[PDB]
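Reviewing the structure listed below.
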Amino acid sequence: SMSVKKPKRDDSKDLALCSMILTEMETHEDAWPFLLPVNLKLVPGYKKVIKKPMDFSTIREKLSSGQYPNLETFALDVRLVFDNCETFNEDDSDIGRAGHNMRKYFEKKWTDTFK
């Protein structure tokens, strides 16, 4: 509350560390469904169904241009990529499996880096 603060957690390395995690996600072999925005002209249903599209290239541009106010807003966009994937893809498809694998990979890195 006013003039009463919890001790200051050091956040000065968060930008660099999120960039590293994102680089590791970009270079995973199962990243291919997630590298670029889904083409909304060429993929029937996507525009109407997925209210907030997200992809790694878009997260990379947001990161580089100071559009994440803190590390939680970064993790929300990453998770949004996987949540969108589950919404639109069967679990037993190549893309559906890719998304489960990438989410698992992301969450471990996140815990190991910050928790």
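In the structure tokens, each chain is lettered A, B, ... as it comes, each chain's residues begin at 1, and ligands are numbered from 1 in order of appearance.
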**Asked** So which residues touch residue 46 (chain A) within 8 Å, counting only C-alpha atoms, skipping near sequence neighbours fewer than 5 positions away, as number ranges by chain?
**Response** A: 38, 40, 88
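CA of residue 102 (chain A) sits 9.6 Å away from CA of residue 29 (chain A).
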**Request:** Tell me, as a list in words, which residues lie within 6 Å of region 77-84 of chain A, counting only C-alpha atoms; anything in the same chain fewer than 5 positions away does not count.
**Result:** residues 54, 55 and 99 of chain A
Any chance you can output those residues with N, CA and C atoms as a PDB file, in the first residue's frame?
```pdb
ATOM      1  N   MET A  54      -1.555 -15.009 -32.740  1.00  0.00           N
ATOM      2  CA  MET A  54      -0.186 -14.722 -32.221  1.00  0.00           C
ATOM      3  C   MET A  54       0.764 -15.759 -32.806  1.00  0.00           C
ATOM      4  N   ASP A  55       2.022 -15.344 -33.007  1.00  0.00           N
ATOM      5  CA  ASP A  55       3.070 -16.163 -33.606  1.00  0.00           C
ATOM      6  C   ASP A  55       4.419 -15.659 -33.070  1.00  0.00           C
ATOM      7  N   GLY A  99       2.338 -28.332 -31.117  1.00  0.00           N
ATOM      8  CA  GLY A  99       1.933 -27.352 -30.090  1.00  0.00           C
ATOM      9  C   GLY A  99       2.012 -27.834 -28.692  1.00  0.00           C
TER      10      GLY A  99
END
```
**Request:** Mind the document's chain letters and residue numbers, and return as a PyMOL selection string the residues of chain A that DSSP labels alpha helix (DSSP H).
**Result:** chain A and resi 14-27+46-49+56-64+71-88+94-114
**Prompt:** Quick one: residues within 12 Å of residue 9 (chain A), only C-alpha atoms counted, chain neighbours fewer than 4 positions away excluded, as a VMD selection string?
**Reply:** chain A and resid 5 13 to 14 114 to 115
Those same residues - C-alpha atoms - I'd like them written as a PDB file, in the first residue's frame.
```pdb
ATOM      1  CA  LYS A   5       6.484  -1.956  -0.407  1.00  0.00           C
ATOM      2  CA  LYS A  13      17.823  -9.013 -16.937  1.00  0.00           C
ATOM      3  CA  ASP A  14      14.268  -9.987 -17.856  1.00  0.00           C
ATOM      4  CA  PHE A 114      12.584 -17.363 -13.331  1.00  0.00           C
ATOM      5  CA  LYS A 115      10.965 -19.650 -10.585  1.00  0.00           C
TER       6      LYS A 115
END
```
**Item:** Coordinates-based distance that separates CA of residue 26 (chain A) from CA of residue 59 (chain A) (Å, one decimal)
**Value:** 10.7 Å
**Message:** Report, in Å to a single decimal, how far apart CA of residue 60 (chain A) and CA of residue 112 (chain A) are.
**Reply:** 21.0 Å
**Request:** Measuring atom to atom with only C-alpha atoms, identify which of A:4, A:85, A:18, A:95 is nearest to residue 73 (chain A).
**Result:** A:18
